[PDB]
Amino acid sequence: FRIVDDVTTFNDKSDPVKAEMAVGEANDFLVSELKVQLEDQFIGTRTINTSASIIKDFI
Amino acid sequence: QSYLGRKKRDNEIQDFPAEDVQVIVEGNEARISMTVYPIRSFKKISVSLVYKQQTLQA
């Protein structure tokens, strides 16, 4: 036995993020992890001249 | 001019214009006219601090 597909209830296949669990799963973890890491790192720090370069290197 | 130059050298005066120094001699009298910028001591310092935005890139 095997699973034919992991399609979600949302039938609009034009949006693979909503339609496909795997694609949406990667988007959620990518977005969520980036959200948490940036807050702990950069919020509350001084807006030094090299702040933009440091943020780019972190990304 | 030499006398005023020494004063400027010793910082006893601020500056003087050499051109405006005019001397008129007529008989016994000898009229002299000169301009001198006097030396002054600081007693008030005004600072106009202005804050502005700056945009960073890269």
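Residues numbered from 1 in each chain as written, not as in the entry; some residues may be left out. Chains lettered and ligands numbered in written order. Part of a larger assembly, values for the part shown. Heavy atoms only, no water.

For this coordinate set, the PDB header names cryo-EM as the determination method and states a resolution of 3.0 Å.

Let's talk about the overall build of chain A
What chain A contains, in helices and strands, is 3 helices and 0 strands. Ordered by position from the N terminus, the helices and strands of chain A form the series α-α-α. In terms of overall size, chain A is more extended than a compact globule, its C-alpha atoms giving a radius of gyration of 18 Å where 59 residues would be expected to give roughly 10 Å. Taken along the three principal axes of its C-alpha coordinates, chain A extends 55 × 25 × 15 Å. Here chain A, with 59 residues, has 7% of them falling under the buried criterion. A total accessible area of about 5500 Å² is found for chain A, and carbon and sulfur atoms account for 58% of it. (Helix = DSSP H or I, 4+ residues; strand = E, 2+ residues; numbered from the N terminus. Rg over C-alpha atoms; globule rule 2.2 N^0.38 Å. Buried < 20%, exposed > 50% of the residue type's maximum accessible area, 1.4 Å probe, protein only. Areas by Shrake-Rupley, 256 points an atom, 1.4 Å probe, with all protein chains shown as cover.)

Thoughts on the overall build of chain B
Secondary structure assignment for chain B yields 1 helix and 4 strands. When its helices and strands are written in sequence order, chain B yields α-β-β-β-β. Relative to the 2.2 N^0.38 estimate, which gives 10 Å for 58 residues, the radius of gyration of chain B is 22 Å and therefore markedly larger than a compact globule would have. Relative to its 58 residues, chain B shows a buried fraction of 9%. In chain B, once contacts between residues fewer than 6 apart in sequence are set aside, the share between residues at least 24 apart is 21%. Element-wise, carbon and sulfur atoms account for 50% of the exposed surface of chain B, whose accessible area totals about 6000 Å². (Contact = heavy atoms within 4.5 Å.)

As for unusual backbone geometry
All names here are of chain B. Unusually for a residue other than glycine, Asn11 sits at a positive phi of about 60 degrees. Along the chain, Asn11 turns up in the loop between helix 1 (2-9) and strand 1 (13-15). Phi at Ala58 is positive, roughly 60 degrees, even though this residue is not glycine. Within the element layout of this structure, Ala58 appears in the segment after strand 4 (37-38). Its relative accessible area of 67% is what places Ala58 among the exposed residues.

Let's talk about the packing of aromatic side chains
All names here are of chain A. Per the stated rule, a full pass over the model turns up 1 aromatic pair over all chains. Taking the centre distance of 5.3 Å and the plane angle of 90 degrees together, the rings of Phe42 and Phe58 count as edge-to-face. In this pair, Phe42 sits in helix 2 (residues 21-42) while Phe58 sits in helix 3 (residues 51-58), placing the two residues 16 residues apart along the sequence. Residue classification places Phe42 among the buried positions, given a relative accessible area of 19%. (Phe/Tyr/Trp six-rings, centres within 6.5 Å; stacked < 30°, edge-to-face > 60°.)

Some thoughts on the side chain of B:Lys7
Position of B:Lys7 relative to the elements: it lies in helix 1. In contact with B:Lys7, other than residues within four places in its own chain, are B:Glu12 and B:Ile13.

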